[PDB]
DNA sequence: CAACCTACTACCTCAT
DNA sequence: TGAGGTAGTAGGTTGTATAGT
């Protein structure tokens, strides 16, 4: 009968120097860490997209409750929580009429259907910032509904609506992934919302019922949107509360290019996080990383140095010195030829360790009494380099679970290096709280690998880009 | 002196707001008092308010909401407030907080209708800013702002009941330990005896083709009828390896490394499972990565096993409980049993559309919780067991793999408090 | 494209 | 033909009720 260890739920700090456990609760009590004071809203959409944006931005001053407030606390109001004021009449509008939609969207082929609509926003967004001197904190995009259904792969346009044929057959494509790519050489922050989200009351089915049932969850939506919006304007709402300073977390990303003849070409990415999670992302160059025989991705000793240094030296500028500890998170185990590329560039002082976080199917843990599963924080330590961690399960403050069944832990193996495992766990847990795009109690996967695939889908959508080190708020 | 500020609130419709303001205010330098902060067992509940409103209370706050007017206690708490308002003779002693939009001018109580109100409907802050300017326009004794005192109640008032207790408890797992393996794993130099065209799943016993050999727990004399010309084989040509040397890491050679052996043993356990399964009274369900095994309707009494249901209906559809096995060798030689839900239209005939199988599994599966998953999983392996606790997996005519249905438990401390 | 988690197919794929 | 593995999709509804064989 082996026993597990409790990794105490680590805390995050807020304004006025006091820390709490839930990022939603403390925000109304204290507010964001560093506070900007003005957010001019830049709108890009139809006329209907305006009032839908106008009415909702008019409504987040008003509180909206959830169905079960005990499980997702209330929203007081923007001016009440964050201190910054967000006004409806403060709107900079660049219109893209529905008349431009039907011309550029009615194409037989999906790639030219997507690309031409992406073409329409890039000129109207870039030129709206160029000409007008108006400092727009974030530019908001109100994509109409009839585009989301029609601008992905595996969703062909009907044989009816077309108004321009494709000129050759088919012998990436997602919109918010593609639009985000051509705005990387222009460090301009964007947030994409559909009309289906803000105004779900209008768009119904045949039965007179809303297409997306938000009636129970209308309050929590004010948490997700109005938190992620404040960040891209330039203010980080919360650091992590307690940390040994001078520590680095690097998140590895590959992505196989399906369009290439070689089954090894992939666009690599390396995302670094520190205490704040604003972070920085350093793009790695393209090369053969997919080993189709063994199946796992691996790097070549050339790109690992050009990536760690281009990453680590930016830390020598972020803080005045070199890092003391660096932990490298990734999906696959590390072989030997790759690690000597890292150890060679790493300072002799700095200890370096690589960690394998896999969402595998190894164990469920059925609590022996009662209908509620085990509480988040239990962790089986099998050996001194491998351990099980329950990121999901029950949460005591919330009185509800995060997984709708018996939870599944994630498997953490220290493949390379040597380190006190219980210190990784107490740190990996703290990397769950940090997620700005949604204010939740915790994530299931640490934030270093959260947007692995969404970052990968940005780089491969445009190959000619030379993407420098950029903050994360330009990538989300 | 009189400094404590009371807040009279409508319970329980508008208790949410008081929780937002009192914590906001105590940190802003105020010594506040409200009946949300103290848990009272004392027989005298009013004796606290009637006292604390009269001598030390500096201002009275009342929530002008829908249920603010109607609640009995709220208008009766206000009685002493308008009684003391005559004592200090201040016109703005009583200040309301208007939070409801639907209330017209008519429905508001006449004691407060004409009183200088505060609009909270547009923005909760934009009223709060308009309120504490009056706190500065009249000299209210208040200490400088310190939010260190703010959440110390929050951890004591709300978060105290819902936190990590120290209760120790045990959890059951889905890892099922292996009782005992066969002694040794033997390899056979069959060369021409096994045809290049023969697939090893037909063998009726677990066999994996190796580079030159065919690995098996069964002895070389086990399958001759399925594959003839084995009778010529001699036992000394086989290279034998003890089982307990493999998982103990002791063995490693130039022609096979232990981490390669460890991959072979997993596949033999699974093929061993599938074979013994067709002896064990279950229909199979063809999934992507494995076969699922489920119980037909009525194959047990009242579709219950050990008072535990294993087969039920959803709407018209009939749902069964199923499992799918797998092997793993670290840390312990174990057998991993995953749970699945299969759907049938009449009790026997599967629903061919995969779309229904998944979309209707979560319609049911979301409804279950910790009790029903363990109850139906731990009951199903007891059904597949051969005696009491054990399972006999045939990997030879005389060499078998034995598996215990009782999964290894996990001890722990600091359990949550169950609701 | 609010977002998480957690299931499960078929597809394109390379390898043996 | 199956091996393993990885990345494409799909669907559900915001989750521990309360009447009643």
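Please treat every number below as a calculation from the coordinates, not as lab data. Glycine also receives a Cβ, built like all others from the backbone with ideal geometry; neighbour counts cover every protein chain displayed.
Rounded, prolate or oblate for region A:382-476? Axes are the square roots of the Cα gyration tensor eigenvalues, ordered a ≥ b ≥ c, and the cut-off for rounded is a/c under 1.5.
Oblate.
So if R0 is 41 Å, what FRET efficiency would residue A:111 and residue A:213 give, r being the distance between their Cβ atoms, rounded to the nearest 0.05?
The value I calculate is 0.75.
Please work out the Cα center distance from region A:374-431 to region B:251-271, rounded to the nearest Å.
About 30 Å separates the Cα centre of region A:374-431 from the one of region B:251-271.
Along the Cα→Cβ direction, 7 angstrom out, place labels at residue B:211 and residue B:297. What is the inter-label distance in nm?
Those two pseudo-labels are separated by 5.5 nm.
Mean projection of the alpha-carbon convex hull of region A:247-474 over all orientations, in nm²?
13.9 nm²
How far, in degrees from 0 to 90, does helix B:354-365 lean away from the longest principal axis of the Cα atoms of chain B, to the nearest 10?
50 degrees
Let me know the shape class of region B:181-241, please: from the alpha-carbon gyration tensor, a ≥ b ≥ c as square roots of the eigenvalues, rounded when a/c is under 1.5, otherwise prolate if a/b is greater than b/c, or oblate.
It is rounded, given that a/c, with a ≥ b ≥ c, falls under 1.5.
Averaged across the residues of B:405-411, what count of C-beta atoms belonging to other chains lies within 10 Å of each residue's C-beta?
4
Between residue B:353 and residue A:206, what is the FRET efficiency for a Förster distance of 22 Å, r being their Cβ-Cβ separation, to the nearest 0.05?
0.40
Report the Cα centroid-to-centroid distance between region A:17-69 and region A:112-163 in angstrom, as an integer.
Each part's Cα centre sits 25 Å from the other's.
Summarise the partner chain shielding of A:402-414 as one whole number: the mean count of Cβ atoms from other chains within 10 Å of each residue's Cβ.
The mean count of partner-chain Cβ atoms within 10 Å per residue comes to 2.
Please determine, in degrees from 0 to 90 and to the nearest 10, the orientation of helix B:72-88 with respect to the longest principal axis defined by the Cα atoms of chain B, where the helix direction is its Cα long axis.
That helix lies at roughly 40 degrees to the long axis.
Divide, for region A:105-260, the radius of gyration over alpha carbons by 2.2 N^0.38 Å, where N is the residue count.
Expressed relative to 2.2 N^0.38 Å, the Cα Rg reads 1.31.
What's the angle, to the nearest 10 degrees (0 to 90), between helix B:370-384's Cα axis and the longest principal axis of chain B?
For helix B:370-384, the angle is close to 10 degrees.
Taking the highest mean first, how do the peptides A:221-231, B:219-229, B:99-109 order by number of other beta carbon atoms within 10 angstrom per residue?
Output ranking for A:221-231, B:219-229, B:99-109: A:221-231, B:219-229, B:99-109.
For the protein assembly as shown, what is the calculated [θ] at 222 nm in deg cm²/dmol (nearest 500), taking -39500 (n - 2.57) for each run of four or more DSSP H residues and dividing by its residue count?
My calculation for the protein assembly as shown gives -8000 deg cm²/dmol from helical runs alone.
Taking one equal scatterer on every alpha-carbon of region B:291-374, how large is log10 of I(q)/I(0) by Debye at q = 0.14 1/Å?
The Debye formula, applied to the Cα set alone, gives -0.53.
Taking a virtual spin label 7 Å from the Cα of residue B:280 along the C-beta vector, which residues in region B:368-395 bring their backbone nitrogen under 13 Å of it?
B:378-395
Looking at chain A, I'd like the Rg to Rh ratio, where Rg is from alpha-carbon atoms and Rh is Kirkwood's inverse mean 1/r.
0.96
How far apart, in nanometres, would the label points at residue A:127 and residue A:168 be if each is projected 7 angstrom from Cα along the Cα-to-Cβ direction?
2.9 nm
When the chain is fully extended, how far beyond the present Cα-Cα distance does residue A:360 get from residue A:247, taking 0.36 nm per residue of separation?
Using 0.36 nm per residue and subtracting the Cα-Cα distance, I get 37.9 nm.
Can you compute log10 of I(q)/I(0) for region B:326-419 with the Debye formula, treating each Cα as one identical point scatterer, at q = 0.12, 0.20, 0.24 Å⁻¹?
After summing over all Cα pairs, the log10 values are -0.63, -1.15, -1.26.
Residue B:89 to residue B:107: extension gain in nm, 0.36 nm per residue of separation minus the Cα-Cα distance?
Going from the current span to full extension adds 3.8 nm.
Kindly state, to the nearest 0.05, the FRET efficiency for residue A:423 paired with residue A:383, given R0 = 22 Å and r defined as their beta-carbon distance.
Computed FRET efficiency for residue A:423 and residue A:383: 0.90.
So how compact is region B:175-415: Cα radius of gyration and Dmax in angstrom?
20.5, 64
Kindly provide the Kirkwood hydrodynamic radius of region B:102-231 in Å, to one decimal, from all pairs of distinct alpha carbon atoms.
One over the average 1/r among Cα pairs gives 24.8 Å for region B:102-231.
Taking just the alpha-carbon atoms of region B:14-157, what radius of gyration and Dmax come out, in angstrom?
For region B:14-157, the Cα-based Rg and Dmax read 15.4, 43 Å.
What shape does chain B take by its C-alpha gyration tensor, where a ≥ b ≥ c are the square roots of the eigenvalues and a/c under 1.5 counts as rounded, a/b above b/c as prolate, and the rest as oblate?
prolate
Using all alpha carbons of region A:1-91, what is the percent of pairwise distances in each 10 Å bin, ordered from the shortest bin to the longest?
14, 32, 30, 15, 6, 3, 0
At 0.36 nm per residue, minus the direct Cα-Cα distance, what do residue A:224 and residue A:317 gain on full extension? Give it in nm, one decimal, please.
30.3 nm
According to a simple spin-label model (label point 7 Å from Cα along Cα-to-Cβ), what is the distance in nm between residue B:362 and residue A:291?
3.5 nm
For the protein assembly as shown, which semi-axes, largest first and in whole Å, follow from the square roots of 5 times the eigenvalues of its Cα gyration tensor?
Its equivalent ellipsoid spans semi-axes of 57, 36, 29 Å.
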